[PDB]
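Chemist:
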Amino acid sequence: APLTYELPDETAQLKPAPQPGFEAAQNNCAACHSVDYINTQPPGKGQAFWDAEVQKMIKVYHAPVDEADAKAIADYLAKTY
Amino acid sequence: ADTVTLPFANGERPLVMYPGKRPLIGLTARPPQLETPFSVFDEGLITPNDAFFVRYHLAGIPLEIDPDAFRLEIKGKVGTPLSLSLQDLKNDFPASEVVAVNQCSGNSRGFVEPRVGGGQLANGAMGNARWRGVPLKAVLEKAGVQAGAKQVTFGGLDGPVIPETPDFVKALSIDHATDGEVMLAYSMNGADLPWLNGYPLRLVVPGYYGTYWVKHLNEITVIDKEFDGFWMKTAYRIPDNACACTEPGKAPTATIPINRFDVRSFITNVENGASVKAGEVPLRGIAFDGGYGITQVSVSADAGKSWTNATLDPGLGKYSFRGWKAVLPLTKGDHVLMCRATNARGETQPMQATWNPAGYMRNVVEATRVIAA
Ligand code: HEC
Ligand code: MSS
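Heads up: the sequence lines are chains U and V, in that order.
Counting in the UniProt record's numbering, the first sequence runs from 28 upward without gaps.
Counting in the UniProt record's numbering, the second sequence runs from 33 upward without gaps.
The structure is reproduced here in structure tokens:
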């Protein structure tokens with residue numbers, strides 16, 4: 028038989044917020060990787076940092092995220108992280 | 033219980049348990065990025081398989097592999113394309129062994145100031161192992177490299193979740209690939225490769241940052257041009273200057289692929305705020321570089337005002353961690369300990385940290401405050 032490997036259960040979650048970007052990020056930013064990528068970035072980086080992360084995901088990695096959601100998500104991240 | 037805090041902002045991390053591994057520092061789960069607790073580096077010059085750090089880029093890592101069916105394909109600008117089994121590699125080519133450090137390009141990124149995006153690592157994305165396998169030179173010679181070859185590309189079993197995301201493929205110069213040190217490794221510390229360290233085969237590229245050390249390696253292509261894949265063309269770029277550095281907040285005007293390690297050293301038997309007995313205090317640690325040889329390690333107990341020569345431990349090879357020991361007289365009170373290595377071509381460590389946008393290649397002189405009583 029082949030050999031196999033078992034990963035532990037994934038538990039990483041985004042920080043809740045009332046901004047609509049929270050839900051948008053839940054629905055878009057876990058599709059390729061766990062959200063611990065986001066949770067562990069340097070803190071209080073601000074708007075330009077998070078705008079650039081979101082744009083990179085869309086333009087470089089081809090994340091299928093529309094313009095309104097891209098703004099909502101970046102705004103949520105900059106306010107929350 | 034189950035978390036640690038690394039010594040920089042937003043440093044909390046879960047301690048996580050993977051099959052065949054001891055508890056490690058969980059950076060990401062999908063795909064796995066796992067960092068080694070610093071305490072491990074004081075436990076011996078060779079990093080145990082169960083402690084060895086893990087880094088991947090794409091979530092689609094293999095989780096079922098039939099080692100009998102596995103084939104390494106050698107193709108492109110070669111006279112005879114090859115499809116090699118693990119049994120072929122083990123039996124048809126004499127084996128080589130090398131003790132070599134693997135270190136992530138962004139090891140220590142969390143300490144970079146101003147902070148930069150990416151993997152927020154402390155110093156535990158490095159490890160030293162005894163690798164055994166076949167020199168790439170021997171396999172390429174069997175295939176027959178054609179005149180005009182320029183580079184060799186390397187790809188593995190992992191892939192992206194969505195196919196538009198660029199596949200993880202790296203390249204070496206043909207002259208590097210055929211140098212006899214670059215290795216197709218099927219064994220790590222006397223065992224088959226741990227799963228997350230690239231079972232059943234990986235590229236080992238001694239003295240080069242870890243991005244080149246392609247895991248689950250199944251495709252080697254000899255090409256007559258520079259490879260323009262994303263992970264060579266766009267990712268893993270450093271400033272094209274001696275310091276591989278820019279003014280904080282400024283982008284480089286020119287870049288090249290990341291390449292050889294810079295010189296690093298650490299004191300492993302004490303950490304910030306540790307207690308030591310005033311008097312003669314034994315210190316020990318490690319140093320390493322791109323494979324030129326560590327010439328000396330100097331140690332200070334007064335924040336770099338004066339230095340004492342450490343005694344280097346017997347070596348395990350030019351690509352290994354080099355152990356060192358020093359016994360320093362410490363008066364009662366606080367002391368800022370530092371260690372600083374140099375290599376056989378005069379490379380050393382800066383006293384003040386430099387910066388680049390990706391937070392690669394950190395090698396500043398490490399300082400550790402201790403309390404002598
Ligand atoms: C697949 C198309 C992706 C989607 C959907 C999102 N991201 Fe992503 N991200 C992707 C890749 C291939 C990587 C590199 C992984 C590696 O290990 O190198 C990342 C990485 C990040 C990071 C880390 C910082 C960085 O490398 O830029 C962050 C903070 C991040 N991703 C955030 C993020 C957000 C906010 C997303 C929704 C807009 C998102 N990712 C989606 C690929 C993909
Ligand atoms: N296949 C593959 N391989 C691979 C990858 C991926 O992702 N994939 N990554 C890299 C990196 S990036 Mo940075 O530069 S470091 C690194 C390394 C690590 O290893 P380990 O995991 O074994 O430790 O690997 C290498 N290899």
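Built from N, CA and C at the ideal position, the CB exists for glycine as well.
What span of residues does the alpha helix (DSSP H) with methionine 264 (chain V) cover, start to end?
Modeler: It spans 262 to 265 - the alpha helix (DSSP H) in which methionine 264 (chain V) sits, taken as one unbroken run.
Chemist: Report, in whole angstroms, the separation of the C-beta atoms of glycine 239 (chain V) and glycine 323 (chain V), which I expect to be a contact under 8 Å.
Modeler: Right, the Cβ-Cβ distance comes to about 4 Å (below 8 Å), so this counts as a contact.
Chemist: Which stretch, first to last residue, makes up the beta strand (DSSP E) that contains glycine 159 (chain V)?
Modeler: Element bounds for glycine 159 (chain V): 158 to 167.
Chemist: Who are the near neighbours of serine 219 (chain V) in its chain, counting only those whose CB is closer than 6 Å to its CB and skipping five residues on each side?
Modeler: Within the same chain, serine 219 (chain V) has close Cβ partners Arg164.
Chemist: Mind checking whether the beta-carbon of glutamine 68 (chain U) lies closer than 7 Å to any heavy atom of ligand 1?
Modeler: Yes; taking the cut-off as 7 Å, the Cβ of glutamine 68 (chain U) has a heavy atom of ligand 1 nearer than that.
Chemist: Report the rounded CA-to-CA distance for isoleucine 299 (chain V) versus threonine 37 (chain V), giving the unit in angstroms.
Modeler: Going from the Cα of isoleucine 299 (chain V) to the Cα of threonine 37 (chain V) covers about 20 Å.
Chemist: Taking 8 Å as the CB-CB limit, is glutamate 196 (chain V) close to chain U?
Modeler: Closer than 8 Å to some Cβ of chain U, the Cβ of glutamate 196 (chain V) qualifies, so yes.
Chemist: Any heavy atom of ligand 2 closer than 7 Å to the beta-carbon of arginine 296 (chain V)?
Modeler: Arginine 296 (chain V) Cβ: outside cutoff for every heavy atom of ligand 2.
Chemist: Who are the neighbours of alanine 39 (chain U) on chain V, taking C-beta pairs under 7 Å?
Modeler: Within chain V, the residues near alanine 39 (chain U) are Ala61.
Chemist: When you measure from the CB of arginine 394 (chain V) to every non-hydrogen atom of ligand 2, does any distance come out below 7 Å?
Modeler: No, Cβ of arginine 394 (chain V) sits at least 7 Å from all heavy atoms of ligand 2.
Chemist: Can the beta-carbon of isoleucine 403 (chain V) be found closer than 8 Å to that of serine 307 (chain V)?
Modeler: Closer than 8 Å, so yes.
Chemist: Can a CB atom of chain U be found closer than 8 Å to the CB of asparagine 42 (chain V)?
Modeler: Yes, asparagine 42 (chain V) lies at the interface with chain U (some Cβ there is under 8 Å from its Cβ).
Chemist: In the DSSP assignment, find the beta strand (DSSP E) that holds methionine 220 (chain V) and state where it starts and stops.
Modeler: That run of the beta strand (DSSP E) goes 215 to 220.
Chemist: Which one of V:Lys122, V:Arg147 and V:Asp334 has the shortest CA to CA distance from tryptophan 387 (chain V)?
Modeler: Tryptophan 387 (chain V) has its Cα closest to that of V:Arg147, out of V:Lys122, V:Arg147 and V:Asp334.
Chemist: Show which residues of chain U have a CB atom less than 9 Å away from the CB atom of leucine 95 (chain V).
Modeler: Simply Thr31, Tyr32, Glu33 and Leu34.
Chemist: In chain order, what residues of the stretch 86 to 98 of chain U put their CB closer than 7 Å to some CB of chain V?
Modeler: The stretch 86 to 98 of chain U vs chain V, Cβ under 7 Å: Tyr88 and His89.
Chemist: In this structure, does DSSP put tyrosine 240 (chain V) in helix, strand or coil?
Modeler: Correct three-state label for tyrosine 240 (chain V): strand.
Chemist: What separation, rounded to the nearest whole angstrom, lies between the Cα atoms of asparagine 155 (chain V) and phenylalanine 70 (chain V)?
Modeler: Those two C-alpha atoms are separated by around 7 Å.
Chemist: How long is the line joining the alpha carbons of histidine 89 (chain U) and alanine 335 (chain V), rounded to whole angstroms?
Modeler: Those two C-alpha atoms are separated by around 48 Å.
Chemist: Excluding the 5 residues preceding and the 5 following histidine 208 (chain V) in the sequence, name in chain order all residues of the same chain whose CB lies nearer than 7 Å to its CB.
Modeler: Once the five neighbours on either side are set aside, the close Cβ partners of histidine 208 (chain V) are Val214.
Chemist: To the nearest angstrom, report how far apart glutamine 53 (chain U) and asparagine 250 (chain V) are at their CA atoms.
Modeler: Going by the C-alpha atoms only, they are around 35 Å apart.
Chemist: Against chain C, does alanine 83 (chain V) count as a neighbour if the rule is that its beta carbon must be under 8 Å from one of theirs?
Modeler: The structure shown contains no chain C; its protein chains are U and V.
Chemist: Taking 8 Å as the threshold (beta carbon to beta carbon), is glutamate 80 (chain U) in contact with chain V?
Modeler: At least one chain V Cβ lies under 8 Å of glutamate 80 (chain U).
Chemist: In chain order, what residues of the same chain have a beta carbon less than 6 Å from the beta carbon of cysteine 136 (chain V), not counting five sequence neighbours either side?
Modeler: Cβ within range, chain order: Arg87, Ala157 and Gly242.
Chemist: Taking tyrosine 64 (chain U) and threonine 112 (chain V) to be in contact with their CB atoms under 8 Å, please state how far apart those CB atoms are, rounded to whole angstroms.
Modeler: Not quite, the Cβ-Cβ distance comes to about 43 Å (not below 8 Å), so this is no contact.
Chemist: Taking the alpha carbon of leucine 56 (chain V) as the reference point, which residue from V:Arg62, V:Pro46 and V:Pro63 has its own alpha carbon closest?
Modeler: That would be V:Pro46, whose Cα lies nearest to the Cα of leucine 56 (chain V).
Chemist: Under DSSP, the alpha helix (DSSP H) around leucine 348 (chain V) begins and ends at which residues?
Modeler: Taken as a continuous stretch (DSSP letters only), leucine 348 (chain V) belongs to no alpha helix (DSSP H), as it is neither H nor E.
Chemist: With 7 Å as the C-beta to C-beta threshold (strictly closer), list the residues of the stretch 91 to 120 of chain V near chain U in chain order.
Modeler: Under the 7 Å Cβ criterion, the stretch 91 to 120 of chain V contributes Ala91, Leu95, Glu96, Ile97, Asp98 and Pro99.
Chemist: Confirm the yes/no value for this check: CB of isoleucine 57 (chain V), any heavy atom of ligand 1, distance under 7 Å.
Modeler: Checking the Cβ of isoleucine 57 (chain V) against ligand 1 gives no.
Chemist: If you count every other CB in all the chains shown that lies within 10 Å of the CB of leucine 369 (chain V), and 16 or more means buried, which is it?
Modeler: The residue in question, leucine 369 (chain V), is buried, as its Cβ has 16 or more Cβ neighbours within 10 Å.
Chemist: With H, G and I counted as helix, E and B as strand and the rest as coil, what does DSSP make of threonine 253 (chain V)?
Modeler: Looking at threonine 253 (chain V) - three-state DSSP - the assignment turns out to be strand.
Chemist: Bridge partners of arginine 372 (chain V), per DSSP?
Modeler: DSSP lists V:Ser330 as partners of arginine 372 (chain V).
Chemist: Please classify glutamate 173 (chain V): does DSSP put it in a helix, a strand, or coil?
Modeler: Three-state result, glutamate 173 (chain V): helix.
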